[PDB]
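Student: Provided hereafter are the protein sequence and its experimental coordinates.
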Amino acid sequence: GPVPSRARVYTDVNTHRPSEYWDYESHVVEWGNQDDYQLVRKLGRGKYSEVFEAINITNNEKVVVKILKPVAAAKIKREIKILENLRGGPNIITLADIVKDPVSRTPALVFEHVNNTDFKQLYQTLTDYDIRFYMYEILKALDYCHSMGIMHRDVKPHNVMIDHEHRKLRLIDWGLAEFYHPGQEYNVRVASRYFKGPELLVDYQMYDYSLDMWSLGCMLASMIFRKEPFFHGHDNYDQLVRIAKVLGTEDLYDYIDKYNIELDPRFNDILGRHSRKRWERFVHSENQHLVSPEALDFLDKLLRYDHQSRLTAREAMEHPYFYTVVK
Ligand SMILES: Nc1ncnc2c1ncn2[C@@H]1O[C@H](COP(=O)(O)OP(=O)(O)OP(=O)(O)O)[C@@H](O)[C@H]1O
Ligand SMILES: Cc1ccc(O)c(-c2ccc(C[NH3+])cc2Cl)c1
């Protein structure tokens, strides 16, 4: 069967913290008063919730209310416990309160409001310097949650709030986040298609924090190369083929060989044979202002098949790509 895997970092965090820290099922929610909040406008409606701009009428401050759609009780307590454990961490969204919505009869998560700059505007206008600056802010959030025994599992632009005016970044939507327990087999149906790590695409369930680093690499590649999304799969199978056309099939076969994974037989007909492409191949006159040897070397170290061989968030912060960033 598949060979087991453990993270190379923060393996023992949930072991040396008390059971109350990670045992989200046993957590007793301290309910706030829904009357403290007045809904202003609907901001969005996702697959798991309806999001509203609101006012905390006790201090007249702008807040965001995430009214959870009815889903398994376990999923809701896990998000709450993770948000509470991470509260106050660098660039982590602050959960201000938890109330019972009077209409839905479900929990409503109250968060600090972030004046998020338009995604299009950020994608099209962030400079080489700003990309490095914001990547460093994301790494602060990832190293914090990983050091706290949590993996996000849904790192992507939609889950990163940027208030560009105040150079403020927040990592949001901890709805897919999980506690990392060495040897635990996790559901591979996490992250959005273009951000899925090769471990998820090959159905390797013993993954860890390093999945977030692959997702981060996907975000970076699209941004610096002006190729949205960087790995543009038509489905989860073609998603692996898109990766293989850049990283090559030989290192993919080495990866599956090392972990004793058996590829789904449907790959035999679609994967073909591909050599690794040098990162300089993706450079052209419309993206050369966002690329540098440091950017390419950094990307190279995140987008690796072997989840164990990727830079951790802390090593990533030491990379020459960030030397120019004012600290
Ligand atoms: N703290 C916040 N400040 C400002 N806007 C927010 C905040 N939190 C969430 N939003 C807005 O709500 C959107 C969705 O939030 P979230 O992803 O947590 O809900 P979801 O159920 O996953 O919805 P979706 O399916 O759209 O992702 C975000 O993309 C963002 O635009
Ligand atoms: C530094 C960096 C790199 C790649 C990205 O897509 C982003 C980014 C993050 C969040 C949003 C807004 N939701 C937009 C962008 Cl471009 C940032």
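Tutor: That came through, no problem. Numbering: from 1, shown residues only. Ligands and ions are numbered 1, 2, ... in the order given.
Student: please name the nearest non-neighbouring residue to the residue of the stretch 151-300 of the chain found nearest ligand 1.
Tutor: Proximity of the stretch 151-300 of the chain to ligand 1 (C-beta to the nearest ligand atom) peaks at residue 173, 3.5 Å away. (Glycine included, C-beta is placed from N, CA and C.) Once flanking residues are discounted, residue 173 sits nearest to residue 159: 4.7 Å by C-beta to C-beta, 6 or more residues apart in numbering.
Student: enumerate every residue touching the one you found.
Tutor: When contacts are counted by C-beta atoms under 8 Å, 6 or more residues apart in numbering, residue 159 touches 152, 171-173.
Student: ok, and the most crowded of those?
Tutor: Using other C-beta atoms under 10 Å as the neighbour test, the contacts of residue 159 are led by residue 152, with 29 neighbours.
Student: and it, backbone torsions?
Tutor: As for residue 152, its main-chain torsions (degrees, to the nearest 10) stand at phi -70, psi -50.
Student: longest helix anywhere in the chain?
Tutor: Determined from DSSP state H, the single longest helix within the chain is helix 128-147.
Student: quick one: residue 106 from residue 193, how far?
Tutor: Distance, residue 106 to residue 193, by C-beta to C-beta, to the nearest Å: 28 Å.
Student: surely residue 34 touches residue 104?
Tutor: No. Contact criterion C-beta atoms under 8 Å: residue 34 and residue 104 do not qualify, at 10.7 Å.
Student: mind saving the C-alpha coords of the longest helix of the chain as PDB?
Tutor: C-alpha atoms of helix 128-147 as PDB (Å, rounded to 0.1, in the frame of the first residue of the first chain):
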ATOM      1  CA  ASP A 128       7.200  43.500  -8.800                       C
ATOM      2  CA  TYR A 129       7.800  45.100  -5.400                       C
ATOM      3  CA  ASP A 130       4.100  44.800  -4.200                       C
ATOM      4  CA  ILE A 131       4.000  41.100  -5.300                       C
ATOM      5  CA  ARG A 132       7.100  40.400  -3.100                       C
ATOM      6  CA  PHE A 133       5.700  42.500  -0.200                       C
ATOM      7  CA  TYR A 134       2.200  40.800  -0.300                       C
ATOM      8  CA  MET A 135       3.800  37.300  -0.800                       C
ATOM      9  CA  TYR A 136       5.800  37.900   2.400                       C
ATOM     10  CA  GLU A 137       2.600  39.000   4.300                       C
ATOM     11  CA  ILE A 138       0.900  35.700   3.100                       C
ATOM     12  CA  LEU A 139       4.000  33.700   4.300                       C
ATOM     13  CA  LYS A 140       3.600  35.300   7.800                       C
ATOM     14  CA  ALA A 141      -0.100  34.000   7.900                       C
ATOM     15  CA  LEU A 142       0.900  30.500   6.600                       C
ATOM     16  CA  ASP A 143       3.900  30.100   9.000                       C
ATOM     17  CA  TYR A 144       1.700  31.200  11.900                       C
ATOM     18  CA  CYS A 145      -1.200  28.800  11.200                       C
ATOM     19  CA  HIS A 146       1.300  25.900  10.400                       C
ATOM     20  CA  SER A 147       3.200  26.600  13.700                       C
END
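Student: briefly note if that helix comes near ligand 1.
Tutor: No. Using C-beta under 6 Å from any ligand atom, helix 128-147 stays clear of ligand 1, with a minimum separation of 13.6 Å.
Student: whichever helix or strand comes after that helix pairs with which strands, parallel or anti?
Tutor: Downstream of helix 128-147, the first helix or strand assigned by DSSP states H and E is strand 150-151. Note on strand 150-151: by DSSP bridges, its sheet partners are strand 178-179 (antiparallel).
Student: any idea how far the partner strand is from the chain center?
Tutor: Distance, stretch centre to chain centre, for strand 178-179: 13 Å (C-alpha atoms, centre = their mean, to the nearest Å).
Student: I'd like the next helix or strand past it.
Tutor: Heading C-terminal from strand 178-179 (DSSP H and E), you reach helix 198-201.
Student: any figure for the gap between the residue most central in space within the chain and residue 215?
Tutor: What sits nearest the mean C-alpha location of the chain, by C-alpha atoms, centre = their mean, is residue 155, with 1.7 Å. Residue 155 sits 4 Å away from residue 215, going by C-beta to C-beta.
Student: kindly report the same for residue 289.
Tutor: Computed with C-beta to C-beta, the distance linking residue 289 and residue 215 is 24 Å.
Student: isn't there a helix covering residue 261?
Tutor: No. The assignment for residue 261, made by DSSP: H, G, I helix; E, B strand; the rest coil, is coil rather than a helix.
Student: contact partners for it?
Tutor: Taking C-beta under 8 Å, 6+ apart as the test, what residue 261 contacts is 2, 202-204, 255.
Student: change it to 10 Å
Tutor: 1-3, 198-199, 202-204, 255 (C-beta atoms under 10 Å, 6 or more residues apart in numbering).
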